[PDB]
Amino acid sequence: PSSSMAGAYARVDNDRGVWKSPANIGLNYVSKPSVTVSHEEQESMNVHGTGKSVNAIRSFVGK
Amino acid sequence: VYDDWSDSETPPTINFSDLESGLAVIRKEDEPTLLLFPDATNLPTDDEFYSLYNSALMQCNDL
Amino acid sequence: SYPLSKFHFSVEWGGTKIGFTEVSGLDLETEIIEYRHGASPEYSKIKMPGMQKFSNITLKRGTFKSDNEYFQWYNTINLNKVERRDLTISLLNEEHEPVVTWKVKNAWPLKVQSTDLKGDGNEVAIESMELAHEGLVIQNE
Amino acid sequence: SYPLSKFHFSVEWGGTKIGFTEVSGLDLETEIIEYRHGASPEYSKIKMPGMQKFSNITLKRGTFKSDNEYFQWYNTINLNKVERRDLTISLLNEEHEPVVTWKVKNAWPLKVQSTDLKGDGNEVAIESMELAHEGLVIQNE
Amino acid sequence: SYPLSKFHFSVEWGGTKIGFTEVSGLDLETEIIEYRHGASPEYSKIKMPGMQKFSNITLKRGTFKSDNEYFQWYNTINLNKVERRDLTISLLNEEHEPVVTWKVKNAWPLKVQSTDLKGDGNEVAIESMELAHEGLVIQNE
Amino acid sequence: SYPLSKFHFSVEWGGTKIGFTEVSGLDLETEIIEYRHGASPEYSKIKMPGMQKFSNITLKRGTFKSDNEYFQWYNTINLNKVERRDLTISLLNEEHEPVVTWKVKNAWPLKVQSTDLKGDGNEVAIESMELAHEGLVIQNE
Amino acid sequence: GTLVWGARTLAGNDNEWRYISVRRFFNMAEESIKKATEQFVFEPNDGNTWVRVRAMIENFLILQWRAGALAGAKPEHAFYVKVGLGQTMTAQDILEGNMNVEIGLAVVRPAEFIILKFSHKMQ
Amino acid sequence: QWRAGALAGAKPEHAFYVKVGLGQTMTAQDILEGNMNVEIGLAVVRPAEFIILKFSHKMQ
């Protein structure tokens, strides 16, 4: 997903500004994530003892 | 998938572990609102039957 | 001990920007039903409340490069379908926080009006929109 | 960070020149259909989109020697036949390139108005035209 | 892609002029015969065509000096004899050529109606005629 | 939560075109049989269903160059014979698909009415047809 | 013919949750509201947001009332929505990024028993 | 940047500061070596991540 995210960063900077979080963004040309990540499964991705957080790409109904 | 018969008086059986696997899978989907098991009454014991339903109620409480 | 001024405000309408030049039409209205029977000592009628009405809301803003939102919302109309939105209008204090809020239900656009052009038109090009809605609630706590 | 001005523009209408003094009428409008059944708890109506309308477009220019184009286009009307044209109106930047474009389908002229004459009329003779059309699309990228 | 208008037309009736103010009554009609036998599962009737009818045709024109034609045709009636004519009615294009033609067989006049007179009657004196006939064919190629 | 509008529809009648200006007469009706015997405590009658009826259907369209279909269908009548057709009338959604369908059995034309002509008749020439039939079924799923 | 007779849950003596239609109505309303609130997840935690969230939730509930799902002569008797510093949130919640919204609903319950009584009419 | 909404604060005075000067950011030694020291501070806004809804049965 890294090139898609570089694209997404550019969109946010133009519509809302660089001071807004690059999240709650829909991606173009994407059918679906290859792996499904549940709510509970993301708890250790956002918060962890090492601080080495990972952001998630997720599918939402109707979005 | 459906298994075969051993004899005219000896039918296929239902494997409890297969239904638990299916329940673990549906847990990751967001859209479903109702949970049903069409072949639960054919489990070899009543104890397995009750165990399966206790798990389904616990899933509803967590989600 | 002092009243509020009328120039510091914001509008949340589902678009990218919240700044507007002008907002108008935040009205509420009720009909009257009148009656008199022939034997009354008074020669005038008694009055009671009827059905209710709402006015359309007008929003005005300046035209900017690459912002086509008035058109894009209008262009969601398809026979009887349209994207309906919740419209929130708020009068602000010195900390830029809400003081008086107008809450509007189920809005969509009746019309979009573009700017006129003039050879000696030394001024800003202003576009405007008129909105239909189904109800208004006023909050001031 | 700044809005667009309203005095630098051009009009492509099939004529020899593209300079105009005034352009107006670039509007879009939709009708409303209202409804209420008798058992509803609310005493007001629900609204949905109806049929659509367009306004006529007015163009104004100064009169010049040997240019009779307003008349010549008008004079193409023959019982129910007329020459129909694609009308393109554009707001320009500092390089004289389009910024905002209004695209108009199937236009033809309803009326052509000439200048008045005055003995003390110390001013430019201005002619004008009013156009009918079948649709407007707005482009701003 | 456009329908025909209704104001450019001509009438050939054997008179000197072909211009008229108004033409009406170009209708066709058939009778129905109904039937039901008692054993049918349906409780309604079956329908088939009967005999045919035609309506009378009305023509209206302005009165002119020295033109007495409505009267002269009417005055050809003698006990059961009358001059019968072929009536051709046509809707015209921009070249003044036929587009839609109504062909009428064996026409003659049932009645001729003159104008009323009024002291403050600031309008045109209009005379009219009603015609009987034996058949109508419609041509549109 | 909203009712259907009444302007987007189509008619399949065996002709080349399916566009119409106006459609009316889609009615169903039943007769009543009344009864009272002399010994009844009530001084009114008891009611039950009788035989059934249908109304004629009217269709209106604008006149176009080289389309003579109303006439051609009417002209298939020969003593008691006529071409009978299945008539399907449908109310459409935003995808231009059927929502409500009226199904009509064994239709044929009772009458064909032409346009009037006027010197100052600044309007579209509209022709119309009236149809007989043997039954109506309404589908709304 | 064959009818479904009775509509209680496995907690039949529960004063709030014994009926199926009450439990199902709440699950529906809760799901619809959270989908609507997701659009505000990464917004600033301040008064401007609190007002937008509240207004959105109230509009949803007004429509449910209009359709006859909720009890009450006017919306004011059918539901309430509350949010704010000193009402639902404290300083600590602002610091940790939390937002607290409280919602209450008036829900209608069914009758189960009909009793008829007969007698001989007399003066 | 403040006017555009990037920085926190009711007025610029609450959004940022800039300092420079001898005795404030620089000493005699910095002047001699050709150094210039400027100090800047900024008030920056952070996002909320969690929304909690609570439900109950309305009662008197």
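Determination of this PDB entry was carried out by cryo-EM to a resolution of 2.4 Å, according to the record.

Quick look at the overall build of chain B now. Within chain B one finds two helices and zero strands. Here the C-alpha atoms of chain B give a radius of gyration of 14 Å, more than 25% beyond the 11 Å that 2.2 N^0.38 yields for 63 residues. Classification of the 63 residues of chain B by burial places 14% in the buried group. Considering only residue pairs separated by 6 or more positions, chain B has 51% of its internal contacts joining residues 24 or more positions apart. Entry remark: accessible area of chain B is about 5,400 Å², with carbon and sulfur atoms responsible for 50%.

All right, on to the pairing of strand β7 (residues 98-113) of chain C then. Residues and elements named next belong to chain C. Within β7, 12 of the 16 residues are buried, leaving the element largely enclosed by the surrounding structure. As paired strands, strand β6 (residues 85-92) and β7 are joined by seven bridges and run antiparallel to one another. Looking at the pairing, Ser-90 lines up with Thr-101 of β7. Between β6 and the antiparallel strand that follows it, β7, lie five residues; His-96 among them carries a positive phi value of about 70 degrees. Sheet topology places β7 next to strand β10 (residues 136-139); four bridges connect them, and they run antiparallel. Bridge pairing in β10 links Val-104 to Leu-136. Both β7 and strand β9 (residues 126-132) contribute to a ladder of five bridges, which runs antiparallel. Residue pairing in the sheet places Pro-109 in a bridge with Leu-131 of β9.

Our focus in this paragraph is the interface of chain C and chain F. Chain C puts seven residues into the contact, and the matching count from chain F is seven residues. Together, the buried faces of chain C and chain F total about 520 Å²; carbon and sulfur atoms form 51% of this surface. On the surface where chain C and chain F come into contact, there are zero salt bridges. The interface formed by chain C and chain F holds one residue pair in polar contact in total. Its residues assigned to classes, the side of chain C that touches chain F comprises one nonpolar, three polar and three charged.

This part takes up the relation of the copies chain D and chain C. Superposing chain D onto chain C takes a rotation of 60 degrees combined with a translation of 0.0 Å along the rotation axis, leaving an RMSD of 0.0 Å. The two molecules are tied by a six-fold rotation axis, judged by turn and shift. When the interface residues of chain D are mapped onto chain C, a mere 3% of them again fall at the interface, so the copies present different faces.

With that settled, the discussion passes to the interface of chain D and chain C. With 34 residues of chain D at the contact, the number on the chain C side is 36 residues. Carbon and sulfur atoms supply 56% of the area buried between chain D and chain C, which totals about 3,400 Å² over both sides. Looking only at chain D, the three residues that lose the most surface to chain C are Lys6(D), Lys47(D) and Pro49(D), adding up to 23% of its buried area. There are three salt bridges connecting chain D and chain C.

Further remarks concern the sheet that holds strand β3 (residues 50-57) of chain H. Sheet architecture is open: three strands sit in the order β1(G)-β2(G)-β3(H), paired in mixed fashion. Each edge of the open sheet is held by one strand with a lone partner, namely β1 (79-82) of chain G together with β3 of chain H. The sheet shows a mean angle of 15 degrees between the axes of neighbouring strands, direction not considered. Summarising the sheet, β1(G) and strand β2 (residues 98-105) of chain G pair through four bridges and their orientation is antiparallel. Counted as the bridge partner of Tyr80(G) is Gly104(G) from β2(G). Helix α1 (residues 20-37) of chain G contacts β2 of chain G together with β3 of chain H of the sheet and is inclined by roughly 155 degrees relative to β3(H).

With that out of the way, let us pick up helix α2 (residues 47-66) of chain G. Residues and elements named next belong to chain G. A rise of 1.5 Å per residue sets the reference length of α2, with its 20 residues, at 28 Å; its end C-alpha atoms lie 29 Å apart and thus fit the reference within 8%. With 16 of 20 residues buried, α2 lies mostly within the body of the structure. A positive phi of about 90 degrees marks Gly-68, the residue just after α2.

Turning our attention to the packing of helix α1 (residues 16-26) of chain B against helix α2 (residues 46-62) of chain B. Residue and element names in this part refer to chain B. Running from N to C, α1 and α2 point in directions that differ by 5 degrees, and their axes come no closer than 11 Å. As judged from the angle between their axes, α1 and α2 are roughly parallel. Packed against α1, whose contacting residues are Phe-16, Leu-19, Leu-23 and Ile-26, the element α2 presents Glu-48, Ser-51, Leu-52, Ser-55, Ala-56 and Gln-59 at the interface. Per-class residue counts for the contact of α1 with α2 are six nonpolar, three polar and one charged.

Here we take up the packing of α1(G) against α2(G). Residues and elements named next belong to chain G. Relative to each other, α1 and α2 sit at 145 degrees, their axes nearing to 10 Å. As α1 runs across α2, the sense of the crossing is right-handed. Facing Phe-25, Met-28, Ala-29, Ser-32, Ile-33, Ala-36 and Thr-37 of α1, the residues of α2 in contact are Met-56, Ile-57, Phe-60, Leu-61 and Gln-64.

At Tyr29(A), a position not held by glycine, the phi torsion is positive, near 60 degrees. On the secondary structure map, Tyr29(A) appears in the loop between α1 (2-15) and α2 (43-46). Of note, the phi angle at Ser66(E) is positive, near 60 degrees, even though the residue is not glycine. Along the polypeptide, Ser66(E) turns up in the loop between β5 (57-62) and α1 (69-74). Under the relative-accessibility criterion, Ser66(E) is labelled exposed at 76%.

This next bit is on the environment of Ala36(G). Structurally, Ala36(G) can be placed in helix α1. The class for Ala36(G) is partly exposed, based on a relative accessible area of 24%.

Our focus in this paragraph is the side chain of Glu58(G). Relative to the elements of secondary structure, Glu58(G) occurs in helix α2. Relative accessible area serves as the criterion here: at 15%, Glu58(G) is assigned to the buried category. A polar contact is formed between the side chain of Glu58(G) and the side chain of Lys103(C), at a distance of 3.3 Å. With near-sequence residues (within four places) excluded, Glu58(G) lies in contact with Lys103(C), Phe79(G) and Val81(G).

This paragraph deals with a negative patch on the surface. Together, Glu94(C), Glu95(C), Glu97(C) and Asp46(G) make up a negatively charged patch on the protein surface. We classify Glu94(C) as exposed; its relative accessible area is 58%.

A few words now on the arrangement of the chains. No part of chain C reaches chain E; the closest C-alpha pair between them is 23 Å apart. The least C-alpha distance between chain B and chain F, which are not in contact, is 24 Å.

All names here are of chain H. Together, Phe-16, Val-18, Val-20, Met-36, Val-38, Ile-40, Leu-42 and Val-44 make up a nonpolar patch on the protein surface, roughly 780 Å² of accessible area in all. Elements with a minimum of two residues in the nonpolar patch: β1 (16-19) and β2 (39-42). Note on placement: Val-20 falls in the loop between β1 and α1 (28-33). Residue classification places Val-20 among the partly exposed residues on the basis of a relative accessible area of 40%.

The full count for this structure, using the stated rule, is 17 aromatic pairs over all chains. Relative to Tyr70(D), the ring of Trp13(D) lies with its centre 6.1 Å away and its plane at 85 degrees, an arrangement referred to as edge-to-face. Of the two residues, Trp13(D) is situated in the loop between β1 (9-12) and β2 (22-24) and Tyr70(D) in helix α1 (residues 69-74); the sequence distance between them amounts to 57 residues. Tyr70(D) carries the same exposure label as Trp13(D), and that label is buried. With 6.0 Å between their ring centres and 75 degrees between their planes, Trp13(F) and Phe20(F) make a pair best called edge-to-face. For the residue pair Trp13(F) and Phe20(F), the accessibility class agrees, reading buried in each case. Each member of the aromatic cluster is reached from another via a ring pair, and the members are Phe37(B), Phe49(B), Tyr50(B) and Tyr53(B). Here the basic side chain of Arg85(C) rests over the ring of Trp73(C), its NZ or CZ set 4.3 Å away from the ring centre.

Criteria and thresholds
- Residues numbered from 1 in each chain as written, not as in the entry; some residues may be left out.
- Chains lettered and ligands numbered in written order.
- Part of a larger assembly, values for the part shown.
- Heavy atoms only, no water.
- Helix = DSSP H or I, 4+ residues; strand = E, 2+ residues; numbered from the N terminus.
- Rg over C-alpha atoms; globule rule 2.2 N^0.38 Å.
- Buried < 20%, exposed > 50% of the residue type's maximum accessible area, 1.4 Å probe, protein only.
- Contact = heavy atoms within 4.5 Å.
- Areas by Shrake-Rupley, 256 points an atom, 1.4 Å probe, with all protein chains shown as cover.
- Pairing = 2+ DSSP bridges.
- Buried area = accessible area lost by both parts, 1.4 Å probe.
- Salt bridge = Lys/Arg side-chain N within 4 Å of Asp/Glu carboxyl O.
- Polar contact = N/O pair within 3.5 Å; in protein donor to acceptor, adjacent residues only side chain to side chain.
- Nonpolar A, V, L, I, M, F, W, Y, C, P; charged D, E, K, R; others polar.
- Least-squares fit on C-alpha atoms.
- Axes fitted to C-alpha atoms, helices over the stretch in contact; angles between N-to-C directions.
- Expected span 1.5 Å × (residues − 1).
- Parallel < 35°, antiparallel > 145°, perpendicular 65-115°, else oblique.
- Left-handed = near helix turned anticlockwise from the far one by under 90°.
- Patch = residues over 30% accessible without salt bridge, like charges linked within 9 Å, V, L, I, M, F, W, Y side chains within 5 Å.
- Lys, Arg positive; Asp, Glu negative; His and termini not counted.
- Charge placed at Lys NZ, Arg CZ, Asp CG, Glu CD.
- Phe/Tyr/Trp six-rings, centres within 6.5 Å; stacked < 30°, edge-to-face > 60°.
- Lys NZ or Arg CZ within 6 Å of the ring centre and 35° of its normal.

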